[PDB]
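**Student:** Below is my_file20.txt; it holds compact mmCIF, N, CA, C and O atoms.
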```
# COMPACT_ATOMS: atom_id res chain seq x y z
N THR A 11 0.83 -1.23 0.00
CA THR A 11 0.00 0.00 0.00
C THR A 11 0.86 1.27 0.00
O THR A 11 2.06 1.23 0.29
N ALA A 12 0.24 2.40 -0.32
CA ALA A 12 0.92 3.70 -0.36
C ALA A 12 1.55 4.07 0.98
O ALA A 12 2.67 4.57 1.02
N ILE A 13 0.83 3.82 2.07
CA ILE A 13 1.33 4.12 3.41
C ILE A 13 2.57 3.29 3.75
O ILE A 13 3.53 3.81 4.32
N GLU A 14 2.55 2.01 3.39
CA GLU A 14 3.69 1.13 3.66
C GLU A 14 4.91 1.59 2.87
O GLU A 14 6.01 1.63 3.41
N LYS A 15 4.72 1.93 1.60
CA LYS A 15 5.81 2.39 0.76
C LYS A 15 6.36 3.71 1.29
O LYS A 15 7.57 3.93 1.27
N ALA A 16 5.47 4.57 1.77
CA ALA A 16 5.87 5.86 2.33
C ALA A 16 6.80 5.62 3.52
O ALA A 16 7.84 6.25 3.63
N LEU A 17 6.41 4.68 4.38
CA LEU A 17 7.21 4.34 5.56
C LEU A 17 8.55 3.72 5.16
O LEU A 17 9.53 3.82 5.90
N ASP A 18 8.58 3.05 4.02
CA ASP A 18 9.81 2.44 3.51
C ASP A 18 10.78 3.56 3.15
O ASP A 18 11.93 3.56 3.58
N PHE A 19 10.29 4.53 2.36
CA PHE A 19 11.10 5.67 1.95
C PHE A 19 11.76 6.33 3.15
O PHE A 19 12.96 6.60 3.15
N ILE A 20 10.96 6.59 4.18
CA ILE A 20 11.45 7.22 5.40
C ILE A 20 12.48 6.33 6.08
O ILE A 20 13.47 6.82 6.63
N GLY A 21 12.25 5.02 6.01
CA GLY A 21 13.15 4.06 6.61
C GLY A 21 14.49 3.98 5.90
O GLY A 21 15.48 3.52 6.48
N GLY A 22 14.52 4.42 4.64
CA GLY A 22 15.75 4.40 3.87
C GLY A 22 16.58 5.66 4.07
O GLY A 22 17.64 5.81 3.46
N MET A 23 16.08 6.58 4.89
CA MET A 23 16.77 7.83 5.18
C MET A 23 17.76 7.61 6.33
O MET A 23 17.93 6.48 6.78
N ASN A 24 18.42 8.66 6.78
CA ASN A 24 19.36 8.51 7.88
C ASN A 24 18.58 8.52 9.19
O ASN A 24 18.60 9.48 9.96
N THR A 25 17.87 7.41 9.41
CA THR A 25 17.04 7.21 10.59
C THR A 25 17.82 7.27 11.90
O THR A 25 17.26 7.55 12.96
N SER A 26 19.13 7.04 11.81
CA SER A 26 19.99 7.06 12.99
C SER A 26 20.26 8.46 13.53
O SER A 26 20.63 8.61 14.69
N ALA A 27 20.08 9.47 12.69
CA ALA A 27 20.31 10.85 13.11
C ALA A 27 19.24 11.37 14.07
O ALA A 27 18.05 11.13 13.88
N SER A 28 19.68 12.08 15.11
CA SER A 28 18.77 12.65 16.10
C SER A 28 18.01 13.80 15.46
O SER A 28 16.82 14.00 15.72
N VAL A 29 18.71 14.57 14.64
CA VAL A 29 18.12 15.69 13.93
C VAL A 29 18.25 15.35 12.45
O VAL A 29 19.36 15.25 11.92
N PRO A 30 17.11 15.12 11.77
CA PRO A 30 17.10 14.78 10.35
C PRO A 30 17.84 15.79 9.47
O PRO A 30 17.82 17.00 9.74
N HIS A 31 18.55 15.28 8.48
CA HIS A 31 19.29 16.12 7.54
C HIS A 31 18.28 16.86 6.68
O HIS A 31 17.17 16.37 6.46
N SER A 32 18.66 18.04 6.18
CA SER A 32 17.78 18.85 5.35
C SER A 32 17.06 18.11 4.22
O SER A 32 15.85 18.30 4.04
N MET A 33 17.77 17.28 3.45
CA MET A 33 17.12 16.55 2.36
C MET A 33 16.06 15.62 2.89
O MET A 33 14.95 15.56 2.37
N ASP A 34 16.42 14.90 3.95
CA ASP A 34 15.54 13.95 4.60
C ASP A 34 14.30 14.66 5.15
O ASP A 34 13.20 14.15 5.02
N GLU A 35 14.49 15.83 5.75
CA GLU A 35 13.37 16.59 6.29
C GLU A 35 12.42 17.01 5.17
O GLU A 35 11.23 16.70 5.20
N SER A 36 12.98 17.67 4.15
CA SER A 36 12.19 18.12 3.00
C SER A 36 11.45 16.98 2.31
O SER A 36 10.30 17.12 1.92
N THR A 37 12.12 15.83 2.21
CA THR A 37 11.55 14.65 1.57
C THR A 37 10.48 13.99 2.44
O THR A 37 9.44 13.57 1.93
N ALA A 38 10.73 13.91 3.74
CA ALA A 38 9.78 13.29 4.67
C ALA A 38 8.51 14.14 4.72
O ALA A 38 7.42 13.62 4.63
N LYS A 39 8.67 15.46 4.83
CA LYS A 39 7.54 16.37 4.86
C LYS A 39 6.76 16.30 3.55
O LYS A 39 5.52 16.34 3.53
N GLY A 40 7.49 16.17 2.44
CA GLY A 40 6.86 16.08 1.14
C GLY A 40 5.99 14.85 1.06
O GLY A 40 4.84 14.92 0.63
N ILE A 41 6.53 13.72 1.50
CA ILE A 41 5.80 12.46 1.49
C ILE A 41 4.51 12.56 2.31
O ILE A 41 3.45 12.16 1.84
N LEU A 42 4.62 13.11 3.51
CA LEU A 42 3.47 13.26 4.41
C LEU A 42 2.39 14.19 3.85
O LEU A 42 1.21 13.85 3.87
N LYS A 43 2.80 15.36 3.38
CA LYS A 43 1.86 16.31 2.80
C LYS A 43 1.19 15.74 1.56
O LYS A 43 -0.01 15.92 1.37
N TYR A 44 1.98 15.08 0.72
CA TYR A 44 1.43 14.53 -0.52
C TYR A 44 0.34 13.49 -0.28
O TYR A 44 -0.71 13.55 -0.91
N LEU A 45 0.61 12.53 0.60
CA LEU A 45 -0.34 11.47 0.90
C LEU A 45 -1.59 12.01 1.59
O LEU A 45 -2.70 11.54 1.33
N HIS A 46 -1.40 13.01 2.44
CA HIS A 46 -2.53 13.63 3.12
C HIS A 46 -3.42 14.30 2.07
O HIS A 46 -4.63 14.16 2.11
N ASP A 47 -2.80 14.96 1.08
CA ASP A 47 -3.56 15.63 0.01
C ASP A 47 -4.29 14.60 -0.86
O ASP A 47 -5.33 14.90 -1.44
N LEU A 48 -3.74 13.40 -0.95
CA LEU A 48 -4.35 12.35 -1.75
C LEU A 48 -5.47 11.62 -1.01
O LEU A 48 -6.09 10.71 -1.57
N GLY A 49 -5.72 12.01 0.23
CA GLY A 49 -6.77 11.37 1.00
C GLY A 49 -6.33 10.14 1.75
O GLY A 49 -7.15 9.38 2.25
N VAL A 50 -5.01 9.94 1.82
CA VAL A 50 -4.46 8.80 2.53
C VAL A 50 -3.43 9.32 3.53
O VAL A 50 -2.22 9.22 3.31
N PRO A 51 -3.90 9.88 4.65
CA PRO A 51 -3.00 10.42 5.67
C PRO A 51 -2.15 9.37 6.38
O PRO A 51 -2.53 8.21 6.51
N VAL A 52 -0.95 9.79 6.76
CA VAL A 52 -0.03 8.93 7.48
C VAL A 52 -0.06 9.47 8.90
O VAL A 52 0.48 10.54 9.18
N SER A 53 -0.79 8.77 9.76
CA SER A 53 -0.93 9.19 11.16
C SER A 53 0.39 9.13 11.91
O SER A 53 1.27 8.35 11.59
N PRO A 54 0.54 9.99 12.93
CA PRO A 54 1.78 10.00 13.71
C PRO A 54 2.02 8.65 14.41
O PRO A 54 3.16 8.25 14.61
N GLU A 55 0.94 7.94 14.73
CA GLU A 55 1.06 6.64 15.40
C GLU A 55 1.61 5.55 14.49
O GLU A 55 2.36 4.69 14.94
N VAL A 56 1.24 5.59 13.21
CA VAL A 56 1.74 4.61 12.26
C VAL A 56 3.23 4.88 12.06
O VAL A 56 4.01 3.97 11.75
N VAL A 57 3.62 6.13 12.28
CA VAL A 57 5.01 6.56 12.17
C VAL A 57 5.80 6.05 13.37
O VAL A 57 6.85 5.43 13.22
N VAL A 58 5.29 6.32 14.57
CA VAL A 58 5.95 5.89 15.81
C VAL A 58 6.07 4.37 15.87
O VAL A 58 7.12 3.85 16.26
N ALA A 59 5.01 3.68 15.47
CA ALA A 59 5.00 2.22 15.47
C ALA A 59 6.16 1.71 14.61
O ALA A 59 6.92 0.84 15.03
N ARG A 60 6.29 2.30 13.43
CA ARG A 60 7.34 1.95 12.49
C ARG A 60 8.72 2.27 13.07
O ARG A 60 9.65 1.48 12.95
N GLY A 61 8.83 3.45 13.69
CA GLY A 61 10.08 3.87 14.29
C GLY A 61 10.57 2.94 15.38
O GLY A 61 11.77 2.68 15.48
N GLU A 62 9.64 2.44 16.19
CA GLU A 62 9.98 1.51 17.27
C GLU A 62 10.40 0.16 16.71
O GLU A 62 11.39 -0.43 17.14
N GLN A 63 9.64 -0.32 15.72
CA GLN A 63 9.90 -1.61 15.09
C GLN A 63 11.31 -1.70 14.51
O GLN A 63 12.11 -2.54 14.94
N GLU A 64 11.61 -0.84 13.54
CA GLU A 64 12.93 -0.84 12.89
C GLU A 64 14.03 -0.25 13.77
O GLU A 64 15.20 -0.27 13.41
N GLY A 65 13.63 0.27 14.93
CA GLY A 65 14.59 0.84 15.87
C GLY A 65 15.32 2.09 15.41
O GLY A 65 16.53 2.19 15.58
N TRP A 66 14.58 3.03 14.84
CA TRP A 66 15.18 4.29 14.39
C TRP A 66 15.60 5.06 15.63
O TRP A 66 15.23 4.70 16.75
N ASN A 67 16.37 6.13 15.43
CA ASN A 67 16.77 6.99 16.54
C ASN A 67 15.43 7.56 16.99
O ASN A 67 14.73 8.20 16.21
N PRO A 68 15.03 7.28 18.25
CA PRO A 68 13.75 7.78 18.78
C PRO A 68 13.52 9.28 18.59
O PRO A 68 12.39 9.73 18.42
N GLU A 69 14.61 10.05 18.58
CA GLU A 69 14.54 11.50 18.39
C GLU A 69 14.16 11.81 16.94
O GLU A 69 13.49 12.81 16.65
N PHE A 70 14.58 10.93 16.03
CA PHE A 70 14.29 11.06 14.61
C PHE A 70 12.80 10.79 14.40
O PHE A 70 12.12 11.53 13.70
N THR A 71 12.33 9.70 15.01
CA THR A 71 10.93 9.29 14.93
C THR A 71 10.04 10.41 15.45
O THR A 71 9.00 10.71 14.85
N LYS A 72 10.46 11.03 16.55
CA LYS A 72 9.74 12.13 17.17
C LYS A 72 9.55 13.28 16.18
O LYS A 72 8.49 13.91 16.13
N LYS A 73 10.59 13.55 15.40
CA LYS A 73 10.55 14.61 14.40
C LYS A 73 9.60 14.28 13.25
O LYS A 73 8.76 15.10 12.90
N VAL A 74 9.72 13.08 12.70
CA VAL A 74 8.86 12.68 11.59
C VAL A 74 7.40 12.61 12.06
O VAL A 74 6.49 13.00 11.32
N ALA A 75 7.19 12.17 13.29
CA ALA A 75 5.84 12.07 13.87
C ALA A 75 5.25 13.46 14.11
O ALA A 75 4.05 13.67 13.96
N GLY A 76 6.11 14.40 14.50
CA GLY A 76 5.70 15.77 14.74
C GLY A 76 5.32 16.48 13.46
O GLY A 76 4.50 17.40 13.47
N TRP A 77 5.94 16.07 12.35
CA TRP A 77 5.63 16.68 11.06
C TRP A 77 4.31 16.12 10.57
O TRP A 77 3.49 16.85 9.97
N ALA A 78 4.10 14.83 10.80
CA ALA A 78 2.87 14.17 10.39
C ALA A 78 1.70 14.75 11.19
O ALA A 78 0.57 14.76 10.72
N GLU A 79 2.00 15.24 12.39
CA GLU A 79 0.99 15.85 13.25
C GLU A 79 0.59 17.21 12.68
O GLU A 79 -0.59 17.55 12.62
N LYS A 80 1.58 17.99 12.24
CA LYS A 80 1.31 19.30 11.66
C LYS A 80 0.48 19.14 10.39
O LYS A 80 -0.44 19.91 10.14
N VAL A 81 0.82 18.13 9.60
CA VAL A 81 0.09 17.87 8.37
C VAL A 81 -1.35 17.44 8.71
O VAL A 81 -2.31 18.00 8.18
N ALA A 82 -1.48 16.53 9.67
CA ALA A 82 -2.78 16.03 10.10
C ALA A 82 -3.66 17.10 10.80
O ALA A 82 -4.88 16.94 10.88
N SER A 83 -3.04 18.16 11.29
CA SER A 83 -3.77 19.23 11.98
C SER A 83 -4.62 20.03 11.00
O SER A 83 -5.57 20.71 11.40
N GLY A 84 -4.26 19.96 9.73
CA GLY A 84 -4.97 20.71 8.70
C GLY A 84 -4.29 22.04 8.40
O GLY A 84 -4.69 22.76 7.48
N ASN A 85 -3.26 22.38 9.17
CA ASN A 85 -2.54 23.63 8.95
C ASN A 85 -1.49 23.47 7.85
O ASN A 85 -1.19 22.35 7.44
N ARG A 86 -0.93 24.58 7.39
CA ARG A 86 0.11 24.54 6.36
C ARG A 86 1.44 24.22 7.03
O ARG A 86 1.61 24.47 8.22
N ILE A 87 2.37 23.66 6.28
CA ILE A 87 3.69 23.34 6.83
C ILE A 87 4.78 23.92 5.94
O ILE A 87 4.60 24.06 4.72
N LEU A 88 5.87 24.38 6.55
CA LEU A 88 6.97 24.95 5.79
C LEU A 88 7.89 23.85 5.27
O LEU A 88 8.37 23.03 6.05
N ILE A 89 8.12 23.82 3.96
CA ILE A 89 9.03 22.83 3.36
C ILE A 89 10.08 23.63 2.59
O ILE A 89 9.83 24.10 1.48
N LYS A 90 11.26 23.77 3.19
CA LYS A 90 12.37 24.56 2.64
C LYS A 90 12.76 24.33 1.18
O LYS A 90 12.77 25.27 0.38
N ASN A 91 13.09 23.09 0.84
CA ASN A 91 13.48 22.75 -0.54
C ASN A 91 12.63 21.55 -0.93
O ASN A 91 13.09 20.42 -0.88
N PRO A 92 11.37 21.79 -1.31
CA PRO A 92 10.42 20.75 -1.71
C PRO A 92 10.82 19.83 -2.85
O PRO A 92 10.35 18.71 -2.90
N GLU A 93 11.71 20.29 -3.72
CA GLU A 93 12.14 19.47 -4.84
C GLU A 93 12.79 18.13 -4.46
O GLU A 93 12.86 17.24 -5.29
N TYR A 94 13.28 18.00 -3.23
CA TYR A 94 13.91 16.76 -2.78
C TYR A 94 12.94 15.59 -2.78
O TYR A 94 13.36 14.43 -2.84
N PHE A 95 11.65 15.89 -2.70
CA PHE A 95 10.61 14.87 -2.77
C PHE A 95 10.46 14.75 -4.28
O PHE A 95 9.79 15.57 -4.91
N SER A 96 11.15 13.78 -4.86
CA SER A 96 11.17 13.59 -6.31
C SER A 96 9.87 13.23 -7.01
O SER A 96 8.93 12.70 -6.40
N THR A 97 9.84 13.48 -8.31
CA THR A 97 8.67 13.15 -9.11
C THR A 97 8.49 11.64 -9.14
O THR A 97 7.37 11.14 -9.13
N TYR A 98 9.61 10.92 -9.10
CA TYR A 98 9.58 9.47 -9.08
C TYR A 98 8.79 8.99 -7.86
O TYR A 98 7.82 8.24 -7.99
N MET A 99 9.20 9.46 -6.68
CA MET A 99 8.52 9.10 -5.43
C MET A 99 7.05 9.48 -5.47
O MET A 99 6.18 8.68 -5.10
N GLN A 100 6.78 10.70 -5.90
CA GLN A 100 5.41 11.20 -5.97
C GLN A 100 4.52 10.35 -6.89
O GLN A 100 3.47 9.87 -6.47
N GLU A 101 4.95 10.18 -8.13
CA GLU A 101 4.20 9.39 -9.10
C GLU A 101 4.05 7.94 -8.66
O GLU A 101 3.06 7.29 -8.96
N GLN A 102 5.04 7.43 -7.92
CA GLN A 102 4.96 6.06 -7.42
C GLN A 102 3.84 5.94 -6.39
O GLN A 102 3.03 5.01 -6.43
N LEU A 103 3.79 6.91 -5.48
CA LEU A 103 2.77 6.94 -4.43
C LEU A 103 1.39 7.18 -5.02
O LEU A 103 0.43 6.53 -4.62
N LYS A 104 1.31 8.09 -5.99
CA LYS A 104 0.05 8.40 -6.66
C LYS A 104 -0.49 7.13 -7.29
O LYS A 104 -1.68 6.81 -7.16
N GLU A 105 0.40 6.37 -7.93
CA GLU A 105 0.07 5.12 -8.59
C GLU A 105 -0.49 4.09 -7.62
O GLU A 105 -1.50 3.45 -7.92
N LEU A 106 0.16 3.92 -6.47
CA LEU A 106 -0.28 2.97 -5.45
C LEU A 106 -1.64 3.34 -4.85
O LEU A 106 -2.47 2.48 -4.58
N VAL A 107 -1.86 4.64 -4.62
CA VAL A 107 -3.14 5.10 -4.08
C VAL A 107 -4.27 4.81 -5.07
O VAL A 107 -5.32 4.29 -4.69
N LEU A 108 -4.05 5.14 -6.35
CA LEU A 108 -5.06 4.92 -7.38
C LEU A 108 -5.41 3.45 -7.62
O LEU A 108 -6.55 3.12 -7.93
N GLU A 109 -4.43 2.56 -7.43
CA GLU A 109 -4.65 1.13 -7.63
C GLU A 109 -5.43 0.51 -6.47
O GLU A 109 -5.60 -0.71 -6.40
N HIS A 110 -5.91 1.36 -5.56
CA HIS A 110 -6.69 0.92 -4.41
C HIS A 110 -8.09 1.55 -4.40
O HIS A 110 -9.07 0.78 -4.46
```
Go ahead and express the file in the form of structure tokens.

**Tutor:**
Amino acid sequence: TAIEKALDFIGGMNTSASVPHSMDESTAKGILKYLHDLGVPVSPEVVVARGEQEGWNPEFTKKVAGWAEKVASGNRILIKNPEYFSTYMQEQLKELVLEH
């Protein structure tokens, strides 16, 4: 599913870092905002669950979960360099959502 693939992308980032790198932040936020706009939100709990499972840096999980919370709040979110969330990733997620 789109949500599972989204979590995979995030899992392929530098999950070990306490403070996510700029590319990772921009890309993680992009993924979250995009899926939420598509009607398939990624809840902060599905994020935390994933973070605990794969054993990411808990501080990293906290950040990704906090971004998913801002997205889920319905408010706008600042994404510094949005281009890092590639067209490949976007079209892949769009494809998975539509096939459901």

**Student:** Which of range 22-79 of chain A counts as alpha helix (DSSP H) under DSSP, as an MDAnalysis selection string please?

**Tutor:** chainID A and resid 32:47 54:63 68:79

**Student:** Calculated over all atoms listed in the file, which of the candidates A:30, A:45, A:107, A:93 has the smallest distance to residue 69 in chain A?

**Tutor:** A:30

**Student:** Could you name the residues that touch residue 108 in chain A at 8 Å or less, counting all atoms listed in the file, but leaving out those on the same chain fewer than 5 positions away, as a list in words?

**Tutor:**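 Using all atoms listed in the file, the neighbours found are residues 12, 48, 101, 102 and 103 of chain A.
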
**Student:** CA of residue 94 in chain A to CA of residue 70 in chain A: how many Å, to one decimal?

**Tutor:**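 For CA of residue 94 in chain A relative to CA of residue 70 in chain A, the distance reads 18.3 Å.
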
**Student:** Here is a test: counting all atoms listed in the file, which residue of A:104, A:60, A:73, A:90 is nearest to residue 27 in chain A?

**Tutor:**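 Of A:104, A:60, A:73, A:90, the one nearest residue 27 in chain A, counting all atoms listed in the file, is A:73.
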